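Accompanying notes for the structure given below.
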Amino acid sequence: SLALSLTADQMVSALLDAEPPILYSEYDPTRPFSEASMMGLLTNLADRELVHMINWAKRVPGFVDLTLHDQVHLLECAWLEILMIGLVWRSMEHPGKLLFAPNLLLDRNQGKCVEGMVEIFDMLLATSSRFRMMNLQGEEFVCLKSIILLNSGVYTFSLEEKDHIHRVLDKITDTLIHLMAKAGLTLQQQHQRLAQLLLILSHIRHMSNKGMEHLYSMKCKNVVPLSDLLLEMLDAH
Amino acid sequence: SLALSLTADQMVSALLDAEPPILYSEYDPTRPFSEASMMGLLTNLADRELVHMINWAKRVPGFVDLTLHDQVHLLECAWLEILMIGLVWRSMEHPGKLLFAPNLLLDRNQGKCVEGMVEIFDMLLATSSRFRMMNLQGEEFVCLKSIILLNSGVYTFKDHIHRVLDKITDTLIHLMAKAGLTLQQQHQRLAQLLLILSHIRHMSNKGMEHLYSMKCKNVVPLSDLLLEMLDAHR
Amino acid sequence: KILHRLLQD
Amino acid sequence: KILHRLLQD
Ligand SMILES: Oc1ccc(C(c2cccc(O)c2)=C2[C@H]3CCC[C@@H]2CCC3)cc1
Ligand SMILES: Oc1ccc(C(c2cccc(O)c2)=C2[C@H]3CCC[C@@H]2CCC3)cc1
């Protein structure tokens with residue numbers, strides 16, 4: 305492989321260059337609110353983000369080597385997690401707001417629209433506030449996001471492929487530690503922060519499962535229609 | 305508090321002594337099992353385990369310092385995770401099998417008697433096989449379980475809880491240093507252990523929906539305690 | 688709730 | 688299989 309032959313600094317650069325762009329929505333601040341329309345916007349946005357995520361996953365070291373079937377499974381399991389941690393990261397500098405798009409900020413109050421969505425908003429807001437108090441760095445973010453991609457579906461796999475995935479996961483771990491060592495953190499502070507970061511992934515999994523149930527609810531409901539791609543990602547769960 | 309004033313050796317001993325006992329299931333009805341039969345044994349077992357878990361939680365350093373409300377919220381969020389990681393740990397030296405009780409060892413094939421339960425079994429068996437290849441030690445296990453207790457509900461509210479979580483992190487690293495693992499091997503294994511917690515969370519939510527589905531069907535009557543713990547996830 | 692009673696005893 | 692397509696550029 306080529307992932308294990310990478311230094312920590314090179315690992316960061318590869319992930320940092322592979323970052324997807326921040327997409328805009330078709331939001332109109334003349335149009336007031338709703339709940340069919342908001343979900344319509346969020347569905348349109350998430351569907352376009354998925355296309356970039358899929359091509360982003362290709363540029364994640366190690367993901368290329370995996371079987372097509374393995375790649376499909378990993379994305380099917382973690383796609384909402386990756387969307388959320390991206391959303392949370394974009395919203396760090398906007399307390400009480402969830403920057404879905406530069407032209408779509410939204411509020412906890414606007415989460416009351418759509419039954420059950422307000423609870424998920426609070427959890428996303430709490431995650432963003434956590435990232436803010438930890439002063440999460442961009443280099444640490446791209447590490448965590450790539451960890452989610454490889455780890456979320458690794459426990460649902468003749469195959470020495472799971473061993474190669476854990477090897478890459480160990481490399482990303484070394485990369486995270488390398489970064490914290492640069493920031494002047496003590497050896498004790500490196501362990502604590504590493505733990506703090508990975509424990510957040512447990513809550514991101516929780517939000518994803520909650521969000522997955524919410525999306526399945528609006529699917530069996532007569533409105534709003536989901537994209538053909540989202541329905542495939544949703545049926546995977 | 306008193307948790308922060310503990311050495312990692314004292315922290316281990318405190319958690320190791322706090323361990324709940326391994327309870328037995330009812331010796332009747334005995335296999336083979338049906339849907340109503342198996343869930344009846346599991347509900348009864350889990351309900352009695354809950355009582356011991358609550359007492360175990362009080363013995364967890366730092367958990368006492370929290371308000372009663374916070375103690376309620378933490379247990380409500382993580383109770384199924386704690387049962388699961390307990391189940392997985394007991395089933396470690398029983399590959400392909402799940403040890404709910406010393407007199408209740410279940411196969412994958414037995415999980416099919418309940419609609420949608422066999423998928424949770426596989427995830428549990430995979431976690432057990434994962435613990436086995438890592439050779440998870442008991443001292444590491446009691447650390448992981450307390451972490452689940454304090455972490456799983458800390459974002460649905472707390473500087474104290476994070477300080478204790480750091481202390482357990484310091485404890486986990488200490489244990490690995492004793493085993494002769496290098497510094498690089500210490501961070502790596504720490505990451506591996508905590509990443510499994512993400513899958514445990516996933517299993518719990520999958521299991522939570524399963525129990526809620528059983529509740530709706532009205533067939534096998536959940537205990538009033540279980541109903542309260544279940545309603546907390548709604 | 689029952690959970691409180693078991694936490695106080 | 689839309690996901691399978693996009694993975695195959
Ligand atoms: O960057 C994004 C973009 C969109 C989301 C979506 C989403 C995802 C798919 C369809 C949809 O309508 C909404 C959601 C977020 C998080 C929970 C799932 C849903 C509904 C509430 C907000 C999350 C992150
Ligand atoms: O140690 C234990 C004991 C019981 C469980 C229970 C359980 C939990 C509550 C009520 C119930 O009937 C079953 C469950 C496990 C895990 C998922 C929920 C259910 C059903 C399948 C097995 C898990 C671990």
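Read top to bottom, the protein sequences are chains B, A, C and D. Under PDB author numbering, the letters of the first sequence match residues 305 to 461, 468 to 547, in that order. Under PDB author numbering, the letters of the second sequence match residues 305 to 461, 472 to 548, in that order. Under PDB author numbering, the letters of the third sequence match residues 688 to 696, in that order. Under PDB author numbering, the letters of the fourth sequence match residues 688 to 696, in that order. Each residue gets a CB set at the ideal place from its N, CA and C atoms; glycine is no exception.
Within this structure, are the beta carbons of residue 506 of chain B and residue 479 of chain A separated by less than 9 Å? yes
N-terminal and C-terminal residue of the alpha helix (DSSP H) that residue 445 of chain B is part of: 442-455
Pull up the DSSP beta-bridge partners for residue 405 of chain B, would you. B:408, per the DSSP bridge assignment.
What do you reckon, is the C-beta of residue 350 of chain A under 8 Å from a heavy atom of ligand 2? yes
Please look up how many angstroms separate the CB atoms of residue 534 of chain B and residue 344 of chain B, rounded, as I've assumed it's under 8 Å. 5 Å
Is residue 389 of chain B close to chain A, meaning its C-beta is less than 9 Å from at least one C-beta of that chain? By this cut-off, residue 389 of chain B is not an interface position.
Beta-carbon spacing of residue 431 of chain B, residue 377 of chain B below 9 Å: no
Can you list, in chain order, the residues of its chain whose CB lies under 7 Å from that of residue 417 of chain A, leaving out five sequence neighbours each side? 337, 338, 339, 342
Whole angstroms is fine: what's the gap from residue 451 of chain A's alpha carbon to residue 334 of chain A's? Near 36 Å, if we compare the C-alpha coordinates of residue 334 of chain A and residue 451 of chain A.
Between residue 347 of chain B and ligand 1, is the CB less than 8 Å from at least one heavy atom? yes
Could you check if residue 425 of chain A belongs to the surroundings of ligand 2, using beta carbon to heavy atom distance under 8 Å? Correct: residue 425 of chain A has its Cβ closer than 8 Å to ligand 2.
The alpha helix (DSSP H) spanning residue 326 of chain B covers which residue range? Careful: residue 326 of chain B lies outside any alpha helix (DSSP H) and carries neither H nor E.
Short-range partners of chain B found in the stretch 406-436 of chain A, where Cβ spacing is below 9 Å: Against chain B - using a Cβ distance shorter than 9 Å - the residues of the stretch 406-436 of chain A are 426, 427, 430, 431, 434.
Check whether the Cβ atoms of residue 312 of chain B and residue 488 of chain B lie closer than 9 Å to each other. yes
When the Cα of residue 395 of chain B is compared with those of B:537, B:326, B:516, B:517, which residue comes out closest? B:326
Kindly examine ligand 1 and report whether one of its heavy atoms sits closer than 8 Å to the Cβ of residue 396 of chain B. no
Could you tell me whether the stretch 418-425 of chain A touches the stretch 520-529 of chain A, using the rule of 3 or more Cβ pairs below 8 Å? yes
Does the beta-carbon of residue 530 of chain B have 16 or more other beta-carbons within 10 angstroms, so that it is buried, or is it exposed? exposed
Contact test: residue 445 of chain A Cβ vs ligand 1 heavy atom, cutoff 8 Å: no
Using a beta-carbon distance below 9 Å, is residue 455 of chain B in contact with chain A? By this cut-off, residue 455 of chain B is an interface position.
How about residue 329 of chain B and residue 408 of chain B: are their beta carbons less than 9 Å apart? yes
Going by DSSP, what residue range makes up the alpha helix (DSSP H) through residue 478 of chain B? That run of the alpha helix (DSSP H) goes 471-492.
Out of A:324, A:483, A:502, state which residue places its alpha-carbon closest to the alpha-carbon of residue 438 of chain A. A:502
Who are the near neighbours of residue 324 of chain B in its chain, counting only those whose CB is closer than 6 Å to its CB and skipping five residues on each side? Answer for residue 324 of chain B: 356, 360, listed in chain order.
Given the structure, does residue 353 of chain A come close to ligand 2, in the sense that its CB is under 8 Å from one of the ligand's heavy atoms? yes
For residue 314 of chain B, the three-state DSSP class (helix, strand or coil): helix
Could you please give the first and the last residue of the uninterrupted alpha helix (DSSP H) stretch that includes residue 351 of chain B? Boundaries of the alpha helix (DSSP H) harbouring residue 351 of chain B: 340-361, taken from the DSSP string.
Report back the beta-carbon spacing between residue 453 of chain A and residue 386 of chain A to the nearest angstrom; my notes put them in contact at under 8 Å. 6 Å
What's the C-alpha gap between residue 447 of chain A and residue 353 of chain A? 19 Å
Name the two residues that bound the continuous alpha helix (DSSP H) containing residue 415 of chain A. Residue 415 of chain A -> no alpha helix (DSSP H), and no H or E assigned at all.
Could you spell out the range, first to last residue, of the alpha helix (DSSP H) harbouring residue 421 of chain B? 421-438
Proximity test, residue 390 of chain B beta-carbon vs ligand 1 heavy atom, cut-off 8 Å: yes
Is residue 404 of chain A near ligand 2, with its Cβ less than 8 Å from a heavy atom? yes
Examine ligand 1 and report whether any of its heavy atoms sits within less than 8 Å of the Cβ of residue 516 of chain B. no
Do residue 370 of chain A and residue 512 of chain B count as a contact pair if the criterion is CB distance below 9 Å? Contact flag unset, no.
When Cβ atoms are compared, which residues of the stretch 354-372 of chain B fall closer than 9 Å to chain D? 354, 355, 358, 359, 361, 362, 372
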